[PDB]
Amino acid sequence: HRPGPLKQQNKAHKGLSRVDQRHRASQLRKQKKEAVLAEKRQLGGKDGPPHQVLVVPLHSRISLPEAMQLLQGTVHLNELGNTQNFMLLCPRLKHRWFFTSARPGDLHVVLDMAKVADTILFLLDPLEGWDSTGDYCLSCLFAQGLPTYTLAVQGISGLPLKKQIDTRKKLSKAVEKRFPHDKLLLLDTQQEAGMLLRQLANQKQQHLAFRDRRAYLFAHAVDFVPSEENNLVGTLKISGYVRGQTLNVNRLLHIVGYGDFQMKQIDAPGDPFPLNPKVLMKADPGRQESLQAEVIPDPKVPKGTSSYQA
Amino acid sequence: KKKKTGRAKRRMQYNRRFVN
Amino acid sequence: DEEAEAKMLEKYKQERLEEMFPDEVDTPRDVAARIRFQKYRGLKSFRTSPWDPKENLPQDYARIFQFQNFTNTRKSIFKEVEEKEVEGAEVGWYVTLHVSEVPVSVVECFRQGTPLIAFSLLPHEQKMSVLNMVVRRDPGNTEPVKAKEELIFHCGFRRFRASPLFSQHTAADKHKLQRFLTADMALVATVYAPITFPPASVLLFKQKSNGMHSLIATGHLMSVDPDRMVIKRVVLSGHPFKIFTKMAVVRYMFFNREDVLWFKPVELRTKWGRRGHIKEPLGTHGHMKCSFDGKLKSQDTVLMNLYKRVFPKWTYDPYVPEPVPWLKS
Amino acid sequence: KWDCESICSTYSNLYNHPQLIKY
Amino acid sequence: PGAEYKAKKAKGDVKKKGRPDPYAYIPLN
RNA sequence: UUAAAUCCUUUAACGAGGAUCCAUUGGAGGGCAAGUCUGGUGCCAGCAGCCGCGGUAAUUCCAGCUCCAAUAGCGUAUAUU
RNA sequence: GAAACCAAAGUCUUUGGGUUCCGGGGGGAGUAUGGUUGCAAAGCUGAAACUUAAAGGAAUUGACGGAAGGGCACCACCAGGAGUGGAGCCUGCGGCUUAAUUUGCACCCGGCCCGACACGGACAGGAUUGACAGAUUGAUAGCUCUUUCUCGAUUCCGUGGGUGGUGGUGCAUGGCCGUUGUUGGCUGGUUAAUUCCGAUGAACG
């Protein structure tokens, strides 16, 4: 209701100096630069585990042995049944590498060596971007989590120079729908290999949140000794570099394809490939050591009468 | 089907809105 | 061979039927609705309506572990590993580890060239519990997957074969079951698995006939809790004969009088937005009279929602077969 | 004489505990 | 004032089963 | 051409009918040009610079079709006129 | 001039007589802090972070439960009368029961009867139509349950969210009824009776 003129409505009465700024900025800059310097020195140096580089070709035409021959300082070549991985030492650049490689398509090898690697080197075709096998590997790697990656092209030298420049343009156009701002490199000669190695050494490290909290280890050498041969079980001796955190015997060890296990001893022999050319301190008992109990251990009617007349 | 692009689309627009 | 293709056509037809009509069913003629949908109850406001999270827990939940405060426990363990120093071999040392009960075959996996990666876990990550993992379907694969078929999980340095349970990703207490994983949104896979602390990447693979694995779903771990309630919905449909002033006679919904007397005290709705409840069963052939909030048209169809908490299936297989290299289809 | 809502009163909620990890 | 107990189709006072016998309670001031 | 090249220009040869040798980016309630079309969701999911739309007949949400504006360009954030 | 109004609040887009103070959407807020004056109370100067699509001015009414005067009424009242509401009978709405207790004959319980498109099958080896009998049935009935007799392409089984058909309903639509004066002109049976039934036209205004 809006009152008229007869109702009474009284009208209301409308009654830091520039030196200190520069010093503060410099203090913050020194703190940030010191933290950055410590984090960059924590990887791949004299005090750290080797920089692990997973070389994945993305095409069937990529000659992986040629690329791994270009990439190898001092080379110490660990060999397996079919594949070979090599430790590289550059005392000129003062840096240690472990180059591993895997063809795309075989899922467990690429995923298991990608969850432990520090850098992934994606090899590219000069003409096309990648195969469908490479696209499947890329989908799996993107979904699992990408560490620091670098793209390198293998076959730019075979083409004529006009076609070299034009195909470099076309290759960047093709790749840019998945890696939008990434510089391609070239792998033709030894000096391009040296520039690639220097690029891999000095590069900001994408940090994977899962493996940073738990300890992990890539097996450099594994031996076995059976407790009972008929039982087909016994002590496994796995040797490699510790990467993530400080490991303890009071917590279990999982192998990715074989489940949980209980370590019984941890010893520290000599570093086989140190950069600049037996001991065990741990106690076993189950006062706080976890066990493998994944499941809880605790366990007058007539004959003719129907239901209506009933 | 595909659409005309460039001068042809403007020609089609002019024929549609002014000629008839 | 041909039976596999017939099953493929059957699964595609089921996918099309679920996509067209969400989870409608046809009522069994011979089996009574009382004994068929015995464990189904009707909710009033789905999300708001209170469902007890402890009613009818199965034997499988008697074998798993529970966190009274998962967030605080994870924060405490992360704070402890971040700040408090545990004695042992630290980062950068070339160590050797003697580990006690290991099968021989792992050695034959190393010797032919396969990589071998070990990782020392966190506490309470060996025990079995219920994992909820948010996933999205990969655009590269389009074959249908049903709600309780076995898949291969890559969850946080762990690979295992298990049967998930697909649910809608909401922030409420009750989550509706998704009978098929469709390729547009984010769903939740609920499964019995060992405890893994987030964050962790989650990959869902399907094993093909030739040994290949096709990437089905990509996502991340969401939580570790069996307190999540996954609810399966069953929708029953009924047709009105004739319309009075806010009164309708529904047929083809039940087929016995005792079935109508059973599913009486919970409310029904319509496809066009009207709402009503069963007044009284008219015939003893399932026909019933029911009142509404408004007079509905003759082409309108009435719907009834029944809800049942569904638990996942214990199909935890830690062994995953080694693939053949992936290639073109 | 049971219906959908009465039978839910006959559901016990104290039998199948999962083991609880405290804080 | 007993609106839940008034019959819609008739004048009178219809019983309900969930609630007790028909009535209407209003407070004082 | 040029230091030698590349590109442009000049010329042989091949090179177009779905001329698939396939033009995008934002919008269609008003401001402000362009739909009260159809399917889905039902104050939810969302849109919306602003006014506002969505609570079972959505001209405004998600889409199909159609239409509008600029066009090898067109949206968005910010500074400034 | 926004108007209330103003001989100034006029001499203003035809905009310049001189000069002082002072405002810039609403709040935070005349607040904090700093300065200054004061015995004190306090006075003077005075923010920002943040927050919001309004805040406000001029007059004008129009709805707006309602409020004050009257008029009328035994479906309003005073004075009454007959009463119902008390009991029984039956009748309507509710409610309760059941198969329904139809309704402001859907159905109870039974028995009957019967669309094309495409594709995959059977199809003259015969697809199919018509049945003597006996009975199932609540009764019969080839529309049924056993027994083979006949007509033979007139075919008959299933599946699709794609049309769809004695489909239903609304619009336009061609013909056609009715709707908006005057004068003429007996073979038959049957009943009291030229009785009953039974065959059986023209002009003028």
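Per the deposition metadata, cryo-EM was the technique used to determine this entry, at a resolution of 3.2 Å.

K.L.:
For this particular structure, what's the right way to read the overall build of chain C?
P.N.:
Within chain C, the regular secondary structure consists of five helices and 17 strands. Here the C-alpha atoms of chain C give a radius of gyration of 25 Å, more than 25% beyond the 20 Å that 2.2 N^0.38 yields for 329 residues. Across its three principal axes, chain C shows a C-alpha extent of roughly 85 × 50 × 30 Å.

K.L.:
Hey, could you run me through the protein's contact with RNA strand G in this one?
P.N.:
Around RNA strand G, the surrounding shell holds 18 residues, and the nearest of these are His-1 of chain A, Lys-242, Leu-282 and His-285 of chain C together with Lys-9 of chain E. Those atoms of RNA strand G that come within 4 Å of the protein belong to sugar or phosphate at a rate of 59%. One of the side-chain nitrogen or oxygen atoms of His-1 of chain A is found 2.4 Å away from a base oxygen of RNA strand G. Here a sugar or linking oxygen of RNA strand G sits 2.3 Å away from a polar atom, N or O, in the side chain of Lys-242 of chain C. The class makeup of the residues in the surface near RNA strand G is eight nonpolar, three polar and seven charged.

K.L.:
When you look at the protein's contact with RNA strand F in this model, what are you seeing that I'm missing?
P.N.:
Close to RNA strand F lie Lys-162 of chain A, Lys-2, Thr-5, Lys-9, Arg-10, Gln-13, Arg-16 and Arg-17 of chain B together with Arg-269, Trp-272 and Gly-273 of chain C. Considering the 4 Å shell around the protein, atoms of RNA strand F inside it are sugar or phosphate in 68% of instances. Within the side chain of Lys-2 of chain B, one N or O atom sits 3.0 Å away from a phosphate oxygen of RNA strand F. Within the side chain of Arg-269 of chain C, an N or O atom sits 2.6 Å from a base oxygen of RNA strand F. At five residues, the largest contribution of residues to the surface near RNA strand F is made by helix α1 (residues 7-19) of chain B.

K.L.:
Can you walk me through the environment of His-207 of chain A in this structure?
P.N.:
Residues and elements named next belong to chain A. In this fold, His-207 is placed in the loop between α6 (190-201) and β8 (215-218). Linking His-207 and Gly-145, residues 62 residues apart in sequence, is a C-alpha distance of 9.6 Å. Among residues more than four places away in sequence, those in contact with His-207 are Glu-39 and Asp-212. At a separation of 3.0 Å, a polar atom in the side chain of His-207 contacts the side chain of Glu-39.

K.L.:
What is the right way to read the interface of chain C and chain A from this model?
P.N.:
Interface size is commonly expressed as the accessible area that is lost once the parts come together. The interface is formed by 69 residues belonging to chain C together with 86 residues belonging to chain A. When contributions to the side of chain C that touches chain A are tallied by element, the ones reaching two or more residues are α3 (70-82), β2 (94-103), α4 (105-111), β3 (117-120), β6 (158-162), β10 (201-207) and β11 (213-224) of chain C. Ranked by residues supplied to the side of chain C that touches chain A, first place goes to β2 of chain C with ten residues. Residue composition of the side of chain C that touches chain A, by class: 42 nonpolar, 15 polar and twelve charged.

K.L.:
Explain the packing of aromatic side chains to me, please; I cannot follow it from the model alone.
P.N.:
Aromatic rings considered in pairs are described by the distance between their centres and by the relative angle of their planes. Residues and elements named next belong to chain C. For the coordinates displayed, the defined rule picks out 27 aromatic pairs over all chains. A ring pair is formed by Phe-46 and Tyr-307, whose centres lie 5.5 Å apart and whose planes are at 45°; its orientation type is tilted. Note that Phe-46 is positioned in the loop between α2 (33-36) and β1 (65-67) and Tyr-307 in strand β17 (residues 302-309), a separation of 261 residues in sequence. Given a relative accessible area of 22%, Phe-46 falls into the partly exposed group.

K.L.:
In this structure, what is going on with the arrangement of the chains? I would like to understand it.
P.N.:
Between all three pairs of chains that are in contact, chains A and C come out with the most contacts. Across the gap from chain B to chain C, with no contact made, the nearest C-alpha atoms are 27 Å apart. Across all C-alpha pairs, the smallest distance from chain C to chain E is 12 Å, and the two are not in contact.

K.L.:
Explain the nonpolar core here, please?
P.N.:
Note that soluble globular proteins tend to have their nonpolar side chains buried in a common cluster. Counting residues in each nonpolar core, the largest one holds 84 residues, and the members touching the most others are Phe-122 and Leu-124 of chain A together with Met-133 of chain C. Of all the elements, helix α4 (residues 132-144) of chain A adds the most residues to this core, at six residues. In this view, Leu-124 of chain A contacts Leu-58, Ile-62, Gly-129, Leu-151, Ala-152, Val-153, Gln-154, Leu-171, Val-175 and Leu-184 of chain A; residues no more than four positions away in its chain are not counted.

K.L.:
Before we go on, may I ask you to explain the sheet that holds β11 of chain C in this structure?
P.N.:
Backbone-to-backbone hydrogen bonds join strands into a sheet, with any given pair of strands oriented parallel or antiparallel. With respect to topology, seven strands assemble into an open sheet ordered β6-β5-β10-β11-β4-β9-β7 (chain C), the strand pairing being antiparallel. One side of each edge strand has no neighbouring strand; the edge strands of this open sheet are β6 and β7 (166-168) of chain C. Sheet twist, expressed as the average angle between the axes of neighbouring strands with direction ignored, equals 35°. Direction of pairing for strand β4 (residues 128-137) of chain C relative to strand β9 (residues 186-194) of chain C: antiparallel, over a ladder of nine bridges. Opposite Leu-131 of chain C, over in β9 of chain C, you have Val-191 of chain C as the bridge partner. Together, β10 and β11 of chain C form the strand contacts of α4 of chain A, whose direction differs from that of β10 of chain C by roughly 145°.

K.L.:
So what exactly am I meant to see when it comes to α3 of chain C here?
P.N.:
In an α-helix, one turn spans 3.6 residues; hence positions three or four apart end up facing the same way. Its 13 residues place the ends of α3 of chain C 18 Å apart at the C-alpha level, agreeing with the 18 Å of an ideal helix rising 1.5 Å per residue. Tucked into the core, α3 of chain C has its buried residues touching β1 and β11 of chain C.

Procedures and definitions
Residues numbered from 1 in each chain as written, not as in the entry; some residues may be left out. Chains lettered and ligands numbered in written order. Part of a larger assembly, values for the part shown. Heavy atoms only, no water. Residues with missing side-chain atoms left out of burial classes, pairs and counts. Helix = DSSP H or I, 4+ residues; strand = E, 2+ residues; numbered from the N terminus. Rg over C-alpha atoms; globule rule 2.2 N^0.38 Å. Near = heavy atom within 4 Å. Polar contact = N/O pair within 3.5 Å; in protein donor to acceptor, adjacent residues only side chain to side chain. Nonpolar A, V, L, I, M, F, W, Y, C, P; charged D, E, K, R; others polar. Contact = heavy atoms within 4.5 Å. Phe/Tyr/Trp six-rings, centres within 6.5 Å; stacked < 30°, edge-to-face > 60°. Buried < 20%, exposed > 50% of the residue type's maximum accessible area, 1.4 Å probe, protein only. Core = buried A, V, L, I, M, F, W, Y, C linked by side-chain atoms within 4.5 Å. Pairing = 2+ DSSP bridges. Axes fitted to C-alpha atoms, helices over the stretch in contact; angles between N-to-C directions. Expected span 1.5 Å × (residues − 1).

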